[PDB]
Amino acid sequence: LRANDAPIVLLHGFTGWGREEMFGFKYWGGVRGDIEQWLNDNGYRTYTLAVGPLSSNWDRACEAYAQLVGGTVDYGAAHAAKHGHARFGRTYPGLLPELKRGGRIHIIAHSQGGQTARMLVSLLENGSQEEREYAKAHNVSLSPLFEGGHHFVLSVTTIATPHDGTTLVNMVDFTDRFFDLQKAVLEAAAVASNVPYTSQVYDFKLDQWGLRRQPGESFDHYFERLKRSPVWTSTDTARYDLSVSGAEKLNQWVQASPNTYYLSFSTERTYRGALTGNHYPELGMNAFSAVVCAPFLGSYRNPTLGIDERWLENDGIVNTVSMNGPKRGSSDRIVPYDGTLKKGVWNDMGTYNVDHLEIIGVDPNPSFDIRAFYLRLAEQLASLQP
């Protein structure tokens, strides 16, 4: 039974783009359809966010905040100074200015979207003491985001999120394989990587870094520059936050708010081998993961640095163990779902036999009823007591 009227907001991972980008092929639904549209049509009011795919969680959290309330992205004077990029990004009209007046949202996030969402809550609740002190000391203005004592997220749901990172980052030639993954996603959207499109197609939103695909430049050639740029080589990146190491550092300061419900969905798409119990990709796993990513994830161990057999089950991109909520460096509490959702803790909603891209429809999986999945989820979120 419906207990709240908060709209849902969709948030992508280290790939992702707006409803007008990719010629309208949806990150949220890919080849199966349009998930925002299903939810709207069933009376669950839903919006989509689009933030820097490769950018740091912090950056994406600041971009999400401006996209929601309205205004110019403000990364924080201290952060901008420390990392070497613009303080101010683009300007948004604001999807939900009512959040300034007591409105709230449910955030549904995929992949690294799940770190960004947790970071947005943490920033709203506590702000950033570093940003507050720096503003005072240098006599510059301060984004309300960094003050603290704000609240507008009623729930965060995460789907296949690397809360404790993914070992994929430790692969040899991770750099080249990761950009090949970006190319494989362009291909699923029927977009070539060797064509210098004059339309934008896929905006990496790297205003703060001063980076933009050039006239006459293809995605192949762009990515070769990106690989060599600060959005790939600095610690202020999705790359850094995605590693077991960065993820743990994030968990050190991004904690669960007592005022927000947390829901986690875990994914797996592998089988256990008969030799040493390595994991291998199942049939139907998206081809790029099955060939390039899954063998690595299902066999890479580091008994010193925590990584043992529990890490081998994966969804083709993320270790399944990483997904039920943050554990390394975290004091958040994770409880199995028991039929009542509780505020302030991770309600682990179970593991689904779906891969990283299938769960958002970017790869087909006809045995997966993705429409029922996301409708069932909208209905549980609509039942949450405010």
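Note that residue numbering begins at 1 and tracks the sequence as displayed.
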Stretch with higher mean Cα temperature factor, 367 to 375 vs 15 to 23, is 367 to 375
The stretch carrying the higher mean Cα B factor in the deposited entry, 4 to 12 or 376 to 384, is 376 to 384
Listed options 180, 282, 133, 203: highest C-alpha B factor recorded at 133
Based on the PDB entry, the highest CA temperature factor among the options 72, 161, 139, 194 is that of 139
Quick tally, chain-level thirds of C-alpha B-factors: residue 334 sits in the highest
By the entry's values, the third containing the CA B factor of residue 121 is the lowest
Tertile call for residue 255 (CA temperature factor, within chain, third-based) is the highest
For residue 145, the third of its chain by CA B-factor is the middle
Residue 210: CA B-factor among chain residues, third -> middle
